[PDB]
$ cat structure_18.csv   # CSV, C-alpha atoms and all ligand atoms
chain,number,residue,atom,x,y,z
W,1,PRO,CA,0.6,-17.9,-7.2
W,2,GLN,CA,2.1,-16.9,-3.8
W,3,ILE,CA,4.2,-13.7,-3.6
W,4,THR,CA,6.5,-13.1,-0.7
W,5,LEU,CA,7.2,-9.6,0.4
W,6,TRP,CA,11.0,-9.6,0.7
W,7,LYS,CA,10.9,-7.3,-2.3
W,8,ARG,CA,8.3,-5.0,-3.8
W,9,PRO,CA,5.3,-7.1,-5.1
W,10,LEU,CA,5.7,-5.9,-8.7
W,11,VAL,CA,3.8,-7.6,-11.6
W,12,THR,CA,3.2,-6.9,-15.3
W,13,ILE,CA,-0.2,-5.5,-16.2
W,14,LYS,CA,-1.9,-4.9,-19.5
W,15,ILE,CA,-4.0,-1.7,-19.8
W,16,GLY,CA,-5.1,0.3,-22.8
W,17,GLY,CA,-3.2,-2.2,-25.1
W,18,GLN,CA,0.0,-1.4,-23.2
W,19,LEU,CA,2.1,-3.4,-20.7
W,20,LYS,CA,3.3,-1.8,-17.5
W,21,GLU,CA,4.7,-2.8,-14.2
W,22,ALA,CA,2.7,-2.2,-11.0
W,23,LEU,CA,2.6,-3.0,-7.3
W,24,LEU,CA,-0.1,-5.3,-5.8
W,25,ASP,CA,-0.9,-2.8,-3.0
W,26,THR,CA,-3.3,-3.8,-0.2
W,27,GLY,CA,-2.9,-0.3,1.2
W,28,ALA,CA,-4.5,1.4,-1.8
W,29,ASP,CA,-8.3,1.5,-2.0
W,30,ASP,CA,-8.2,2.2,-5.7
W,31,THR,CA,-5.7,1.7,-8.6
W,32,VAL,CA,-3.4,4.6,-9.6
W,33,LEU,CA,-1.3,4.5,-12.7
W,34,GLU,CA,1.3,6.7,-14.3
W,35,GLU,CA,0.3,9.3,-16.9
W,36,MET,CA,-1.1,7.6,-19.9
W,37,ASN,CA,-3.4,9.1,-22.5
W,38,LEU,CA,-6.4,6.7,-22.3
W,39,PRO,CA,-9.4,7.3,-24.6
W,40,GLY,CA,-12.8,8.3,-23.1
W,41,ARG,CA,-14.2,10.6,-20.5
W,42,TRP,CA,-12.9,11.0,-17.0
W,43,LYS,CA,-13.6,12.9,-13.8
W,44,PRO,CA,-11.0,15.0,-11.8
W,45,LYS,CA,-10.0,13.6,-8.4
W,46,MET,CA,-7.4,14.3,-5.7
W,47,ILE,CA,-5.9,11.4,-3.7
W,48,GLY,CA,-3.7,11.7,-0.6
W,49,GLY,CA,-1.0,9.7,1.0
W,50,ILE,CA,2.4,10.3,2.6
W,51,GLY,CA,3.5,13.8,1.6
W,52,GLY,CA,0.1,15.0,0.6
W,53,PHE,CA,-2.2,14.9,-2.4
W,54,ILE,CA,-1.8,14.6,-6.2
W,55,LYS,CA,-4.3,15.4,-8.9
W,56,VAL,CA,-5.5,12.4,-11.0
W,57,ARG,CA,-8.0,11.6,-13.8
W,58,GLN,CA,-10.6,9.0,-12.8
W,59,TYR,CA,-11.5,6.5,-15.5
W,60,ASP,CA,-14.2,3.9,-14.9
W,61,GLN,CA,-14.8,0.4,-16.3
W,62,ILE,CA,-11.2,0.0,-17.6
W,63,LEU,CA,-10.1,-3.5,-18.5
W,64,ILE,CA,-6.9,-4.6,-16.8
W,65,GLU,CA,-5.1,-7.9,-17.0
W,66,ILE,CA,-2.9,-8.8,-14.0
W,67,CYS,CA,-0.8,-11.9,-14.3
W,68,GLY,CA,-3.3,-13.2,-16.9
W,69,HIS,CA,-6.2,-12.4,-14.5
W,70,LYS,CA,-8.8,-10.2,-16.1
W,71,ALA,CA,-10.5,-7.4,-14.1
W,72,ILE,CA,-12.5,-4.2,-14.9
W,73,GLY,CA,-12.9,-1.2,-12.7
W,74,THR,CA,-11.8,2.3,-11.8
W,75,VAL,CA,-8.3,3.4,-12.7
W,76,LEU,CA,-6.9,6.8,-11.5
W,77,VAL,CA,-4.3,8.3,-13.9
W,78,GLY,CA,-1.8,10.9,-12.8
W,79,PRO,CA,1.8,11.9,-11.9
W,80,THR,CA,2.2,9.1,-9.4
W,81,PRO,CA,5.8,7.9,-8.6
W,82,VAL,CA,4.6,4.3,-8.7
W,83,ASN,CA,1.9,2.2,-10.4
W,84,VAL,CA,-0.3,0.6,-7.7
W,85,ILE,CA,-3.0,-2.0,-8.2
W,86,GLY,CA,-5.5,-1.3,-5.4
W,87,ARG,CA,-8.1,-3.3,-3.7
W,88,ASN,CA,-10.8,-2.4,-6.2
W,89,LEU,CA,-9.0,-4.7,-8.7
W,90,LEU,CA,-7.1,-7.0,-6.3
W,91,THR,CA,-10.5,-8.4,-5.1
W,92,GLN,CA,-11.4,-9.1,-8.7
W,93,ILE,CA,-8.3,-11.4,-9.2
W,94,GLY,CA,-8.9,-13.3,-6.0
W,95,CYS,CA,-6.0,-11.8,-4.0
W,96,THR,CA,-5.7,-12.3,-0.3
W,97,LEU,CA,-3.2,-11.7,2.5
W,98,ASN,CA,-2.1,-14.7,4.4
W,99,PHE,CA,-0.1,-15.4,7.5
N,1,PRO,CA,-5.5,-15.8,8.9
N,2,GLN,CA,-6.6,-15.4,5.3
N,3,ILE,CA,-7.7,-11.8,4.7
N,4,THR,CA,-9.8,-10.8,1.8
N,5,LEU,CA,-9.6,-7.2,0.4
N,6,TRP,CA,-13.3,-6.0,0.0
N,7,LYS,CA,-12.5,-3.9,3.1
N,8,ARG,CA,-9.3,-2.2,4.2
N,9,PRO,CA,-7.1,-4.8,5.9
N,10,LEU,CA,-7.1,-3.2,9.3
N,11,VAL,CA,-5.8,-5.0,12.3
N,12,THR,CA,-5.0,-4.4,16.0
N,13,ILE,CA,-1.3,-3.9,16.9
N,14,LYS,CA,0.5,-3.6,20.2
N,15,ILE,CA,3.4,-1.2,20.4
N,16,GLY,CA,5.0,0.4,23.5
N,17,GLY,CA,2.3,-1.3,25.6
N,18,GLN,CA,-0.7,0.2,23.8
N,19,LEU,CA,-3.1,-1.1,21.3
N,20,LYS,CA,-3.7,0.7,18.0
N,21,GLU,CA,-5.3,0.0,14.6
N,22,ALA,CA,-3.1,-0.3,11.5
N,23,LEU,CA,-3.4,-1.1,7.8
N,24,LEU,CA,-1.5,-4.0,6.3
N,25,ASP,CA,0.1,-2.2,3.4
N,26,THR,CA,2.0,-4.3,0.8
N,27,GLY,CA,2.8,-1.1,-1.1
N,28,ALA,CA,4.8,0.3,1.9
N,29,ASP,CA,8.5,-0.7,2.2
N,30,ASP,CA,8.4,0.7,5.7
N,31,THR,CA,6.1,0.8,8.7
N,32,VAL,CA,4.9,4.3,9.5
N,33,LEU,CA,2.6,5.3,12.5
N,34,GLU,CA,0.9,8.5,13.4
N,35,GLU,CA,2.3,10.7,16.1
N,36,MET,CA,2.7,8.9,19.4
N,37,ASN,CA,5.0,8.6,22.4
N,38,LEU,CA,7.4,5.7,22.1
N,39,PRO,CA,10.1,4.5,24.6
N,40,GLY,CA,13.3,4.2,22.7
N,41,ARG,CA,16.0,6.3,21.1
N,42,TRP,CA,15.2,7.7,17.7
N,43,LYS,CA,16.9,9.4,14.7
N,44,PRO,CA,15.5,12.0,12.3
N,45,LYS,CA,14.6,10.5,8.9
N,46,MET,CA,12.8,11.4,5.7
N,47,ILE,CA,10.4,9.2,3.8
N,48,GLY,CA,8.6,9.7,0.5
N,49,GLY,CA,5.1,8.7,-0.5
N,50,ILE,CA,2.6,9.5,-3.3
N,51,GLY,CA,2.6,13.2,-2.5
N,52,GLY,CA,6.2,13.9,-1.5
N,53,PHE,CA,8.4,13.6,1.5
N,54,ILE,CA,7.8,13.9,5.3
N,55,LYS,CA,10.0,14.0,8.4
N,56,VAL,CA,9.7,11.0,10.7
N,57,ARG,CA,11.4,9.8,13.9
N,58,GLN,CA,13.0,6.4,13.2
N,59,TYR,CA,12.8,3.9,16.1
N,60,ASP,CA,14.9,0.8,15.5
N,61,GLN,CA,14.4,-2.7,16.9
N,62,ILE,CA,11.0,-1.9,18.4
N,63,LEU,CA,8.8,-4.7,19.7
N,64,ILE,CA,5.4,-4.7,17.9
N,65,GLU,CA,2.7,-7.4,17.8
N,66,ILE,CA,0.6,-7.5,14.7
N,67,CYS,CA,-2.7,-9.4,14.8
N,68,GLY,CA,-1.3,-11.8,17.4
N,69,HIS,CA,2.1,-12.2,15.6
N,70,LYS,CA,5.3,-10.7,17.1
N,71,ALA,CA,7.8,-8.6,15.2
N,72,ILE,CA,10.9,-6.6,16.1
N,73,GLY,CA,11.9,-4.0,13.6
N,74,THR,CA,12.1,-0.4,12.5
N,75,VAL,CA,9.0,1.8,13.1
N,76,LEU,CA,8.7,5.3,11.7
N,77,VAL,CA,6.6,7.9,13.5
N,78,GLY,CA,5.3,11.0,11.8
N,79,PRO,CA,2.4,12.7,9.9
N,80,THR,CA,1.3,9.7,7.9
N,81,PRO,CA,-2.4,9.8,6.9
N,82,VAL,CA,-2.9,6.5,8.6
N,83,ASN,CA,-1.0,3.8,10.6
N,84,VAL,CA,0.5,1.4,8.0
N,85,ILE,CA,2.4,-1.9,8.5
N,86,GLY,CA,4.9,-2.1,5.7
N,87,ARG,CA,6.9,-5.0,4.3
N,88,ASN,CA,9.8,-4.7,6.8
N,89,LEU,CA,7.3,-6.2,9.4
N,90,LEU,CA,4.9,-8.1,7.1
N,91,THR,CA,7.8,-10.4,6.2
N,92,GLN,CA,8.5,-11.0,9.9
N,93,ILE,CA,4.9,-12.3,10.6
N,94,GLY,CA,5.1,-14.5,7.5
N,95,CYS,CA,2.7,-12.5,5.4
N,96,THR,CA,2.3,-13.3,1.7
N,97,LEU,CA,0.0,-12.3,-1.2
N,98,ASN,CA,-1.9,-15.1,-2.7
N,99,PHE,CA,-4.3,-15.4,-5.7
V,1,LIG,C1,-3.4,6.0,3.0
V,1,LIG,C2,-2.6,4.7,3.1
V,1,LIG,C3,-1.4,4.6,2.1
V,1,LIG,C4,-0.4,5.7,2.4
V,1,LIG,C5,0.5,5.4,3.6
V,1,LIG,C6,-2.0,4.8,0.6
V,1,LIG,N1,-0.9,4.6,-0.4
V,1,LIG,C7,-0.6,3.2,-0.8
V,1,LIG,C8,0.7,2.8,-0.1
V,1,LIG,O1,0.9,1.5,-0.3
V,1,LIG,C9,1.9,3.6,-0.8
V,1,LIG,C10,2.1,3.2,-2.2
V,1,LIG,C11,3.4,3.9,-2.7
V,1,LIG,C12,4.7,3.1,-2.9
V,1,LIG,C13,6.0,3.8,-3.3
V,1,LIG,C14,6.0,5.3,-3.6
V,1,LIG,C15,4.7,6.1,-3.4
V,1,LIG,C16,3.4,5.4,-2.9
V,1,LIG,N2,3.1,3.3,0.0
V,1,LIG,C17,3.7,4.2,0.8
V,1,LIG,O2,3.4,5.4,1.0
V,1,LIG,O3,4.9,3.7,1.5
V,1,LIG,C18,5.8,4.6,2.2
V,1,LIG,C19,6.2,3.9,3.5
V,1,LIG,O4,7.2,2.8,3.0
V,1,LIG,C20,7.8,3.3,1.9
V,1,LIG,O5,7.9,2.5,0.9
V,1,LIG,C21,7.0,3.2,-0.3
V,1,LIG,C22,6.8,4.7,0.1
V,1,LIG,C23,7.0,4.7,1.5
V,1,LIG,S1,-0.9,5.8,-1.6
V,1,LIG,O6,0.1,5.5,-2.7
V,1,LIG,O7,-0.5,7.1,-1.1
V,1,LIG,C24,-2.5,5.9,-2.3
V,1,LIG,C25,-2.9,4.9,-3.4
V,1,LIG,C26,-4.4,4.9,-4.0
V,1,LIG,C27,-5.3,6.0,-3.5
V,1,LIG,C28,-6.7,6.0,-4.0
V,1,LIG,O8,-7.5,5.0,-3.4
V,1,LIG,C29,-4.9,7.0,-2.4
V,1,LIG,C30,-3.5,7.0,-1.8

$ encode --input "structure_18.csv" --output "C-alpha cells" --more "lines below"
Ligand SMILES: CCC(CC)CN(C[C@@H](O)[C@H](Cc1ccccc1)NC(=O)O[C@H]1CO[C@H]2OCC[C@H]21)S(=O)(=O)c1ccc(CO)cc1
Amino acid sequence: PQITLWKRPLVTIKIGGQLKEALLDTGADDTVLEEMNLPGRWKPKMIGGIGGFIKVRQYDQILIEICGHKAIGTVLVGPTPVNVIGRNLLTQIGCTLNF
Amino acid sequence: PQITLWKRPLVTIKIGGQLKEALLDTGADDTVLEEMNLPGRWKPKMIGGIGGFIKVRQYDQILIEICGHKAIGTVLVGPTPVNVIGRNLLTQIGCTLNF
C-alpha cells in the first residue's frame, strides 16, 4: 500500500504470537518494541535519541509480520514510549520513501 | 525520488541560506535540527523523544528546501542527536511510505 504522513504511520504487527501497534519509522536503524517477555537469549544494549539513552534487550532472528509481510531480524525490547519498526525490517517488507 | 532504506535516508537541505544534511524520519512528528543560527523570531519549547524531553527553540514558518523540494513550516532547533525532517515537512514535499 501507500501510506500518507498526515498522521503517525501506525500499523499492526505480530511478534511472539502477539499483536501490537508500531510506527513504520525510517529514522530508526533498528526495531524497538515495548517491554515483552520473549523467550530465548538476548544481549544488553543502549540506544539513544532525543532526550538521551534507554536500556534495551537485543533479540536476534525474531519473526515479525507487518501488514501480512513477513520479516525476521533484530528486535530491541525495552521501556520505549513507542513501538517503532526500523530500517532493519522495513527493507525486508519492501518499504520505500517516495516524493 | 524513490528512496530505499538499506542506508539511512539522508538528504541535503537548505535552511537560512546554508546547506545541511538531514534524515527523513517518518517516526518524527516534528522537524528538529542541531544547534545553529537562524534568522527569525523563536519561542522556547519542549519536545520528547525515546530518552526524555529536551529544550528547543521553535522557529515558525521557516523556508526550508528538502532534496530539491520547498517547504515552509516549523523547525525546532536544539540538542537532537541528528538533524531530522519530521512529518510536518515530509507532508509538504509529498512524501509517502510505499510497500
Ligand atoms: C537518531 C534519529 C532518531 C531520533 C531523532 C532516532 N529515533 C527514531 C525517531 O523516529 C523517533 C521515534 C519516536 C516517536 C515518538 C516518541 C519517541 C521516539 N522520533 C522522534 O524522536 O521524534 C521527535 C521529533 O517529533 C516528535 O514526534 C515524536 C517524538 C518527537 S529513536 O526513537 O530515538 C531510536 C529508534 C531505534 C534505535 C536503534 O537503532 C535508536 C534510536

$ closest_residue --input "structure_18.csv" --among "W:74, W:37, W:91, W:98" --to "ligand LIG 1 (chain V)" --atoms "all atoms listed in the file"
W:74

$ atom_distance --input "structure_18.csv" --atom1 "atom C10 of ligand LIG 1 (chain V)" --atom2 "atom CA of residue N:84"
10.5 Å

$ residues_around --input "structure_18.csv" --residues "residue N:72" --least-positions-apart "3" --cutoff "8 Å" --atoms "only C-alpha atoms" --output "list in words"
residues 61, 62, 63, 64, 89 and 92 of chain N

$ calpha_fit_rmsd --input "structure_18.csv" --fixed "chain W" --moving "chain N"
0.7 Å

$ interface_residues --input "structure_18.csv" --of "chain W" --to "chain N" --cutoff "6 Å" --atoms "only C-alpha atoms" --output "PyMOL selection string"
chain W and resi 1-5+25-27+49-54+87+91+94-99

$ closest_residue --input "structure_18.csv" --among "N:60, N:65, N:35, N:30" --to "ligand LIG 1 (chain V)" --atoms "all atoms listed in the file"
N:30

$ closest_residue --input "structure_18.csv" --among "N:57, N:41, N:20, N:14" --to "residue N:75" --atoms "only C-alpha atoms"
N:57

$ closest_residue --input "structure_18.csv" --among "W:77, W:36, W:66, W:19" --to "ligand LIG 1 (chain V)" --atoms "only C-alpha atoms and all ligand atoms"
W:77

$ atom_distance --input "structure_18.csv" --atom1 "atom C27 of ligand LIG 1 (chain V)" --atom2 "atom CA of residue W:76"
8.2 Å

$ axis_aligned_box --input "structure_18.csv" --around "ligand LIG 1 (chain V)" --padding-each-side "5 Å" --output "JSON"
{"center_x": 0.2, "center_y": 4.3, "center_z": -0.2, "size_x": 25.4, "size_y": 15.6, "size_z": 17.6}

$ closest_residue --input "structure_18.csv" --among "N:83, N:42, N:18, N:13" --to "ligand LIG 1 (chain V)" --atoms "all atoms listed in the file"
N:83

$ closest_residue --input "structure_18.csv" --among "N:22, N:12, N:68, N:38" --to "ligand LIG 1 (chain V)" --atoms "all atoms listed in the file"
N:22

$ atom_distance --input "structure_18.csv" --atom1 "atom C21 of ligand LIG 1 (chain V)" --atom2 "atom CA of residue W:34"
15.5 Å
